[PDB]
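One is the number of the first residue; the rest follow in order along the sequence. Read the numbers this way: they start at 1 and go in the same order the structure lists the ligands and their atoms. For the numbers below, each heavy atom of this structure counts, side chains included, while hydrogens, waters and symmetry mates do not.
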Amino acid sequence: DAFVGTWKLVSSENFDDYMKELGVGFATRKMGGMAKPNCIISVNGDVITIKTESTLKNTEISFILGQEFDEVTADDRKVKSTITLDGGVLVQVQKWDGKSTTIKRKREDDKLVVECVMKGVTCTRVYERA
Ligand SMILES: Cc1c(Cc2ccccc2)nc(C(C)(C)C)c(-c2nnn[nH]2)c1-c1ccccc1
């Protein structure tokens with residue numbers, strides 16, 4: 001859709017604070033905050049795949065909209081994830097240990113805009129086509 005492609009991180013706001021809320025420790029936050037990952041999004045039938053590639057860490061999730069799945073996050077959390085399409089926005093919720101975080105991926109102009117919320121912390125990451 002508007003989401004399919006290869007997307008390179010070009011900007012990030014409040015990622016260190018978000019990682020802190022995720023319980024990521026200092027040395028790991030340092031490494032994560034300088035990463036400039038590629039995000040490759042593809043769709044085949046029901047199944048959407050989101051691949052993250054960086055020198056620090058690669059991740060991949062494949063999923064069906066509305067169908068909860070198990071995910072190991074980049075920072076090694078074991079979470080229950082559910083992703084839906086809401087007014088053109090991919091909305092992801094991860095739930096683990098009575099906590100949750102929400103990740104919204106939207107297409108705005110040339111950009112893929114990713115908004116991550118946990119507790120009072122909102123991080124916004126902007127990716128552009130590679
Ligand atoms: C939480 C998180 C972490 C945690 C982490 C920190 C430090 C070391 C290892 C993990 N790391 C990454 C890197 C840079 C490492 C891939 C991401 C990420 N994925 N796509 N773009 N950025 C996210 C992330 C960002 C937005 C949406 C979903 C996940």
So which heavy atom in the protein is nearest atom 2 (C) of ligand 1, and how far is it from that ligand atom? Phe15 CZ, 3.7 Å
Using 4.0 Å as the upper bound for N to carboxylate O, is an ion pair formed by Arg129 and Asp110? no
Protein heavy atom under 4.0 angstrom of atom 15 (C) of ligand 1, is there one? yes
What are the atoms of ligand 1, with element, lying closer than 4.0 Å to any heavy atom of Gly32? 7 (C)
Just verifying a value: how many Å separate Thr122 OG1 and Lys104 NZ, rounded to the nearest 0.5 Å? 9.5 Å
Which of the atoms in ligand 1, numbered in the order shown and given with their element, are less than 4.0 Å from a heavy-atom of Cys116? 26 (C), 27 (C)
Polar-atom distance check: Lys57 versus ligand 1, any N or O pair below 3.5 Å? no
Which is it for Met31 and ligand 1 at heavy atoms under 4.0 Å: side chain, backbone, both or neither? neither
Nearest 0.5 Å, please: how far is CG in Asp76 from OG1 in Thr59? 10.5 Å
Which one holds for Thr28 and ligand 1: side chain close, backbone close, both close, or neither close, with close meaning a heavy atom under 4.0 Å? both
Go through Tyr127 and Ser11 one step at a time and tell me if the side-chain hydrogen bond (donor to acceptor under 3.5 Å, both in side chains) criterion holds. CA-CA 7 Å; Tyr127 304 72; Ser11 66; over 6 Å; no
Counting from 1, what ligand 1 atoms have a heavy atom of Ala74 closer than 4.0 Å? 3 (C), 9 (C), 10 (C), 11 (N), 12 (C)
Going by distance alone, is a donor N or O of one side chain under 3.5 Å from an acceptor N or O of the other, for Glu71 and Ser81? yes
Taking non-hydrogen atoms only, is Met19 closer than 4.0 angstrom to ligand 1 via side chain, backbone, both or neither? side chain
Examine the proximity of ligand 1 to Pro37 and report which part, side chain or backbone, both or neither, has a heavy atom under 4.0 Å away. side chain
Between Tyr127 and ligand 1, which part of the residue brings a heavy atom under 4.0 Å of the ligand: side chain, backbone, both or neither? side chain
For atom 29 (C) of ligand 1, is there a protein heavy atom at a distance under 4.0 Å? no
Are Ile50 and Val43 connected, step by step, through hydrophobic side chains (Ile, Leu, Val, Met, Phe, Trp, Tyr) whose heavy atoms are closer than 4.5 Å? yes
Can you report which non-hydrogen protein atom sits closest to atom 18 (C) of ligand 1, along with the distance? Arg125 NH2, 4.0 Å
So for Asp75 against ligand 1, with non-hydrogen atoms under 4.0 Å, the contacting part is both
I need the atoms of ligand 1 closer than 4.0 Å to a non-hydrogen atom of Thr52, numbered in the order shown. 16 (C), 19 (N), 20 (N)
Under-4.0 Å heavy-atom contact with ligand 1, by part of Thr59 that carries it: neither
Is it true that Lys111 and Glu128 have a side-chain N and a carboxylate O under 4.0 angstrom from each other? no
Residue pair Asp86 / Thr84, side-chain donor-acceptor N/O under 3.5 Å: no
Decide whether a cation-pi geometry holds between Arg125 and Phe15; the criteria are a distance under 6.0 Å from NZ or CZ to the six-membered ring centre and an angle within 45° of the ring axis. yes
Measure the CD-NZ distance between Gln94 and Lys80 for me, rounded to the nearest 0.5 Å. 13.0 Å
Out of curiosity, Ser62 OG to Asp46 CG, how far, rounded to the nearest 0.5 Å? 12.0 Å
Going by the atom numbers of ligand 1, which of them fall below 4.0 Å from some non-hydrogen atom of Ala35? 14 (C)
Can you tell me if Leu22 has a non-hydrogen atom under 4.0 Å from ligand 1? yes
